Structures are given as structure tokens and as C-alpha cells.
Amino acid sequence: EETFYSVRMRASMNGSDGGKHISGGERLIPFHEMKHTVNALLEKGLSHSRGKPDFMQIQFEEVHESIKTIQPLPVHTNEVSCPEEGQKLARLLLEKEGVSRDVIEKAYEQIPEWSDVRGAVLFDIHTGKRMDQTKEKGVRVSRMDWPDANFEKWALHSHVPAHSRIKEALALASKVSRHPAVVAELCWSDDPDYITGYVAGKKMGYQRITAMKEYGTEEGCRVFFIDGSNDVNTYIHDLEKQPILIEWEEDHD
Amino acid sequence: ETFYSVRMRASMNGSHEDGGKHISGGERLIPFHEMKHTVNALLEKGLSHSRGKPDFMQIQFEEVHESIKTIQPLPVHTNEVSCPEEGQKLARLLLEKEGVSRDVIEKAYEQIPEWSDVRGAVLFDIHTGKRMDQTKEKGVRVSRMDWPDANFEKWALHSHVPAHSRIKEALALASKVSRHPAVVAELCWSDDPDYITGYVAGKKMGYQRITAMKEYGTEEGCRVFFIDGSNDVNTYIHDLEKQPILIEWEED
Ligand SMILES: Nc1ncnc2c1ncn2[C@@H]1O[C@H](COP(=O)(O)OP(=O)(O)NP(=O)(O)O)[C@@H](O)[C@H]1O
Ligand SMILES: Nc1ncnc2c1ncn2[C@@H]1O[C@H](COP(=O)(O)OP(=O)(O)NP(=O)(O)O)[C@@H](O)[C@H]1O
Ligand SMILES: O=C(O)CCCCCC(=O)O
Ligand SMILES: O=C(O)CCCCCC(=O)O
Ligand SMILES: [Mg+2]
Ligand SMILES: [Mg+2]
Ligand SMILES: [Mg+2]
Ligand SMILES: [Mg+2]
């Protein structure tokens, strides 16, 4: 049983304090990867297209819970020609996954107000309302990662480019989708220079959508559509604390 | 040309907040273009410590918005002693020379064992003869001071003192702290098992190094500031944490 470490970073400008969120990252690693990983997070925060931070934290801590290893979701890339086509597709896919249309519309009305949320919003498909009480902080999924070497192999097989963005997103989405209360996830970047997003779920897998907004805009989105009776805090604790490594099995081909 | 405060702390068996053992701490004050090197120096300092390997560490940077003040290091004298009991006695003599009363010194020495787990400094009020800050195990952590290596190395050459980073860090801290008009004296020795030199610092005597202050292999250090002031302790804590200082020595 190898010991793993959670390594987290966040960065902002104009303070920590009301600042603009610039970058966030999370990694899960053995101890001999610490120097490289702390540097990868530092650099990710310092070279961000949302601007240069005046505040950054980086932390590591031993994880005591035993690590679980899962397969990435099956990926499909939907090529679209503009953001409106993408968004419409996204809403079709959410519906097919099981989110009712009226819940989807209600959430889409609120997505603009959630632009500044630094993690994810949790949206209850029973009440048709936001379920977490974290406000601008959002719920930040942590303690997931995907050893690069296995990711590069996966991307080669999948005919998807071996970009860090995709490794991070797919690791997140896979951890999130595994959770029995999560029906679906809608995501696109708050970076001005990346317009691909996705909808994920247990059935459809990870459905990339190649245009979800316009170049140059900084309004991203991360919403988890939740179907659960249980207390939201239990779900939040799972998302924040349950350690996941992604390992794609070439062999299962 | 804006400066950044870069701070680190590390502990084992948890964060310090959960009751982990403090391993290492550091603070630097740097232009933005030195950030990578500095974050790497702090990471490495935390990971290679003689008190053991951390399982928790935080590193943070923020822009400093107060103006930087540049000062001289204190004058340094090295007192050679044969053993830790001789050094401790000398330290008490020097605290008294610096203006601390014997009764306050004894009361502090009674409490020093209690403060072994404090990760920063204890503030000791000479008017009450008791601890003054309410930070408990966190202590007060002096930050936002630093000393460009090139100038420090010149200083160490001139001073016939080795150019060790421990000394640079300590003398930078002690100079910032002694400048504060409400600090009468500082008493220090290391919590590192493999370093037994400590010091007493003040405005009259400068930085008085004492070559043995404890036994090799012990992990009980000490950092106490003796306070004689008219203000509330929160103001002094804010001064020590926030006032940015660079050391620049120039010969006489
Ligand atoms: N670990 C996470 N948990 C919850 N939501 C997140 C997480 N990472 C990103 N998000 C959300 O999804 C949006 C887009 O993600 P992303 O573009 O990766 O931003 P980021 O991870 O905050 N910083 P960066 O990856 O440096 O661009 C973010 O603005 C958050 O709202
Ligand atoms: N910046 C500071 N402010 C207040 N107290 C400090 C400061 N740095 C160290 N001390 C205290 O003085 C003791 C010895 O100093 P030192 O040996 O430098 O410890 P350190 O800075 O915490 N870690 P390291 O420097 O990596 O050994 C520490 O155990 C602290 O209690
Ligand atoms: O990392 C980002 O910028 C936000 C999520 C986008 C990743 C989607 C992908 O290319 O599959
Ligand atoms: O860094 C430490 O371990 C504390 C040492 C304080 C004395 C340094 C010196 O003057 O030798
Ligand atoms: Mg990200
Ligand atoms: Mg982003
Ligand atoms: Mg130190
Ligand atoms: Mg020490």
C-alpha cells in the first residue's frame, strides 16, 4: 500500500478578499513526485490566460483513505460549428441522460449568475434549485488524478490529443460520474482561449462538444445535476475527500 | 517594482492545527521574477529537514502593498562557551544587560518548556511577567523580511562568520524584531537536533551569539520576545507580520 498525497493549488488576482479566480488545480501523487508536481501547479498558475496572480497557495497532505482506481469514462467527440449548436446538443444529451427538460432550462437561466463560482454548482433535479450552500466558492472536487504515462497511452488509443486539460477534466468527470447521486455534469472552460466543453454521465460517458462558447469570453460552467435523498453535505464530502486514480486498461480491448 | 511575501510551513503527523509536529517554516521577500527559485528553495528546505519528513506543507505568496524599508543588520558578537548551562546563564546575563528584570527572566524560563511546541515566537510582557499573545501553539510568525545573498556573503566575509543560511535568516529576523521600539530583547535557540548555537538580541548589545544553548539531539527550541510597550498586542503582532524589511549591510 503506497502512500499518496493530495496536492492542491489556487491562485487569484486583486487579493485572495474578493479577487478574480485565476487558476486551481488538484493532484494525487506518491511522495517522489512532489517536486515535479508542485512545480507543475506553480507554473499552471503563473502562465494562465486569465492573467497573472498576485496570490497563490499550494498545499500537500497525506491521504489516509485507501485509494480506488477506476477506468475513465468512454469518450465521444461531437464536432459542432458554433457555440449555439454545441449548447443545443448539450441540452439534448442532458435530457437523454435523464435530466428533465424543465430542470435543464431552469439551470440554464442560472448559469450566468454562477460564472464566478470557483468550483462546481450542485443542482437538485427534484426541487429544480441549487442544492449546495457554498455560494461563490462552489464545491471543489479534489483527490483525483491520472498518472501521465497511462493517460498518454489512453489518448493515443482514443485518437484524442494528449492535453493536460483533457486529462484533468476526464479525471474529474470520471470521479464525479461514479458518484451514485450524480446524474449528469455540464462543463465548459472559464479560459478565454478554450471553447471546448462537455456533458458527462453514466450512460453517455464523456461527450465532448467542440464549441460551447466564443473565444475571448471568461464565463465558464461546472454544474452537477444531482438526484439524491441524502444530505448534500455527505455528497460534498465524498467529492472533496474520496481519493481516485484513473487507470485505463488497454487490456480490456 | 513590487515585492512578494513567500511563506512556507511544514509538519508531520498532520497539520500543526491537528496536532502535527512542526518540521520547518520559512519566509522570503522577493521580486516576482525570483518566484520559481524561491518556491523551490522553500519546498526543498521543508523536505530535507533534520526534524524529519513532512506529510503536510503549505506554500503561499502574496503581493506586498506596504513600502519596503531597508536597514542594517545588528552588530554581531560570538560568545564561545563550553556547555549549554554556561550558555543559558550567559543568555540570562545578557537579557538583564539589555534591560529585562531578573524576575521577568525567571518567570519566562519557567514557561519555556511549555512553549516547545510553538511554531513562531512567544511575546512576553515585562509589565505582567506573563505571555502576552493569545496565539497559543501557532505563536507569532515574523514575516516579510529578507537579505539578498550577495550582500549577506559580503557581510559574512567581513564579519569572519560563516555564510550559512541559518545565520542570514536569524540575523534578518532579529534585526527586524529589534528595530521595533516595543521589543526590549529576544531570546532564541534552534529546535533542530543538529544545531546548538543560539542568541540573545537587543538594541544595546546587538546580536549576541552563544555557541551552545542546548544538547545535540534535542528538539526543544525557543523564540521569545520581551515586550515593553504601551499598545495592545494585536498591533505589535500586525507590525511583526506585515512590515516589510530588507537587510542591506554597508561597512563602517
Ligand atoms: N476540481 C474542480 N471541482 C469543481 N469544479 C471545478 C474544478 N476544476 C474546475 N472547476 C470548475 O469548472 C470551471 C472550468 O474549469 P477549469 O477551466 O479547469 O478552471 P480551474 O480548474 O479553476 N483553473 P485552470 O484549470 O487553471 O484553468 C472552473 O471555473 C470551475 O468553476
Ligand atoms: N519567522 C519567525 N517568526 C517567529 N518565530 C520564528 C521564526 N522562525 C523561527 N521561529 C521560532 O524559532 C525557532 C527556531 O527557529 P528555526 O530553527 O529557523 O525554526 P523554523 O524557521 O521554524 N524552521 P527551519 O528554519 O526550517 O529549521 C522555531 O522553532 C520557531 O519557534
Ligand atoms: O480545462 C478546461 O479548460 C475546462 C474543461 C475543458 C476540457 C474539455 C476537453 O477538451 O475534453
Ligand atoms: O536556524 C536555526 O536553526 C536557528 C539558529 C539561530 C542562531 C543562528 C546563528 O547565529 O548561528
Ligand atoms: Mg482545471
Ligand atoms: Mg480555467
Ligand atoms: Mg527558520
Ligand atoms: Mg528549526
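Chain naming here is simple, since letters A, B, ... match the order of the sequence lines and numbering starts at 1 in each. Order of appearance sets the numbers: ligands from 1, and atoms from 1 within every ligand.
Residue contacts with ligand 1: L239(A) is excluded, as none of its non-hydrogen atoms falls under 4.0 Å. Contact annotation: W188(A) has no heavy atom less than 4.0 Å from any atom of ligand 3. Under the 4.0 angstrom criterion for non-hydrogen atoms, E168(A) is not in contact with ligand 3. Within the structure, ligand 1 has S189(A) among the residues with a heavy atom less than 4.0 angstrom away.
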Would you please test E247(A) and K153(A) for salt bridge (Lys or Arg N to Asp or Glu O under 4.0 Å) and show each step?
-> CA-CA 10 Å; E247(A) 191 200 318; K153(A) 197 153 197 179; over 6 Å; no

Please test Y206(A) against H76(A) for ring pair (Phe, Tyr, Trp, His ring centres under 6.0 Å), starting from the C-alpha separation and ending with a verdict.
-> CA-CA 6 Å; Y206(A) 184 87; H76(A) 181 57; over 10 Å; no

Start with the C-alpha distance between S175(B) and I245(B), add both sets of side-chain angles, then the distance that settles side chain to side chain contact (heavy atoms under 4.5 Å, CB included), and finish with yes or no.
-> CA-CA 9 Å; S175(B) 301; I245(B) 295 278; over 6 Å; no

When you look at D117(B) and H22(B), which way does the side chain to side chain donor-acceptor pair (under 3.5 Å) test go after all the steps?
-> CA-CA 8 Å; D117(B) 296 355; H22(B) 172 65; over 6 Å; no

Please step through ring pair (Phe, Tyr, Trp, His ring centres under 6.0 Å) for the pair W147(B) and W249(B), ending with a clear verdict.
-> CA-CA 9 Å; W147(B) 191 341; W249(B) 167 80; 8.6 Å; no

Would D193(A) and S49(A) satisfy side chain to side chain donor-acceptor pair (under 3.5 Å), going step by step from the backbone distance to the final call?
-> CA-CA 7 Å; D193(A) 50 345; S49(A) 67; 2.9 Å; yes

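Electrostatic pairing of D192(B) and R51(B) does not count as a salt bridge here, judged by no charged N lying under 4.0 Å from a carboxylate O. A salt bridge is defined here as a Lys NZ or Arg NE, NH1 or NH2 lying under 4.0 Å from an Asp or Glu carboxylate O, and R27(A) with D145(A) meets this definition. Using a 4.0 Å cut-off between a side-chain N of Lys or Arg and a carboxylate O of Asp or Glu, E152(A) and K167(A) do not qualify as a salt bridge.
Among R7(B), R141(B), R144(B), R9(B), the single residue meeting the salt bridge (charged side-chain N to carboxylate O under 4.0 Å, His left out) criterion with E27(B) is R141(B). Only one option out of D133(B), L123(B), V122(B) pairs with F225(B) in a side-chain contact (heavy atoms from CB on, under 4.5 Å); it is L123(B).
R222(A) NH1, 2.9 Å is the protein heavy atom nearest to atom 12 (O) of ligand 1. Given atom 5 (C) of ligand 3, the protein heavy atom at minimum distance is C187(A) SG, 3.8 Å. Protein heavy atom at the shortest distance from atom 16 (P) of ligand 1 is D190(A) OD1, 3.8 Å. Annotation: atom 4 (C) of ligand 1 to nearest protein heavy atom, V139(A) O, 3.1 Å. Protein heavy atom closest to atom 21 (O) of ligand 1, with residue, atom name and distance, is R140(A) NH2, 3.2 Å. Taking atom 23 (N) of ligand 1 as the reference point, the nearest protein heavy-atom neighbour is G24(A) N, 3.2 Å. From the protein, the heavy atom lying nearest to atom 3 (N) of ligand 1 is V141(A) N, 2.8 Å. Considering only non-hydrogen protein atoms, atom 7 (C) of ligand 3 sits nearest to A169(A) CB, 3.8 Å. Remark: minimum distance from atom 10 (O) of ligand 3 to any protein heavy atom is reached at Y194(A) OH, 2.5 Å. The nearest protein atom to atom 25 (O) of ligand 1, hydrogens excluded, is given as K44(A) NZ, 3.0 Å; this is a heavy-atom distance.
Of all heavy-atom pairs between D239(B) and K176(B), the closest is O-NZ, 3.8 Å.
Between the side chain of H179(A) and the backbone N or O of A181(A) there is at least one donor-acceptor pair closer than 3.5 Å. Here the side chain of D54(A) pairs a donor or acceptor atom with the backbone of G15(A) at under 3.5 angstrom.
Ligand 1 places these atoms under 4.0 Å from at least one heavy atom of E26(A): 1 (N). Heavy-atom proximity to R118(A), at under 4.0 Å, picks out these atoms of ligand 1: 30 (C), 31 (O). For ligand 1, the atoms closer than 4.0 angstrom to any heavy atom of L172(A) are 1 (N), 2 (C), 3 (N), 7 (C). Contact atoms of ligand 1 toward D191(A): 17 (O), 27 (O) (distance under 4.0 Å to a heavy atom of the residue). Near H48(A), with a cut-off below 4.0 Å to any heavy atom, the atoms of ligand 1 are 24 (P), 26 (O), 27 (O). The distance from ligand 1 to the heavy atoms of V117(A) drops below 4.0 Å at these ligand atoms: 31 (O). Taking a cut-off of under 4.0 Å to the non-hydrogen atoms of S23(A), the atoms of ligand 1 that pass are 23 (N), 24 (P), 26 (O).
Ligand 1 has no nitrogen or oxygen under 3.5 angstrom from a nitrogen or oxygen of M144(A). Remark: ligand 1 and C221(A) share no N or O pair separated by less than 3.5 Å (distance only, no angle test). Remark: ligand 3 and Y206(A) share an N or O pair separated by less than 3.5 Å (distance only, no angle test). Distances between N or O atoms of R165(A) and those of ligand 3 include at least one value under 3.5 Å. Looking at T196(A) next to ligand 3, no N or O pair under 3.5 Å apart turns up.
More than 12 heavy atoms of other residues, nucleotides or ligands sit less than 6.0 Å from atom CD of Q71(A).
Looking at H21(A) against ligand 1, only its side chain comes within 4.0 Å, counting heavy atoms. Contact annotation for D191(A) and ligand 3: only side-chain heavy atoms (C-beta onward) come within less than 4.0 Å of the ligand.
Distance check, rounded to the nearest 0.5 Å: CD of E97(A) to NZ of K203(A) gives 3.5 Å.
Between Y5(A) and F60(A), the two ring planes are perpendicular [angle over 60°; tilted spans 30° to 60°].
Remark: among candidates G119(A), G197(A), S164(A), the nearest residue to atom 5 (N) of ligand 1 is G119(A), based on non-hydrogen atoms.
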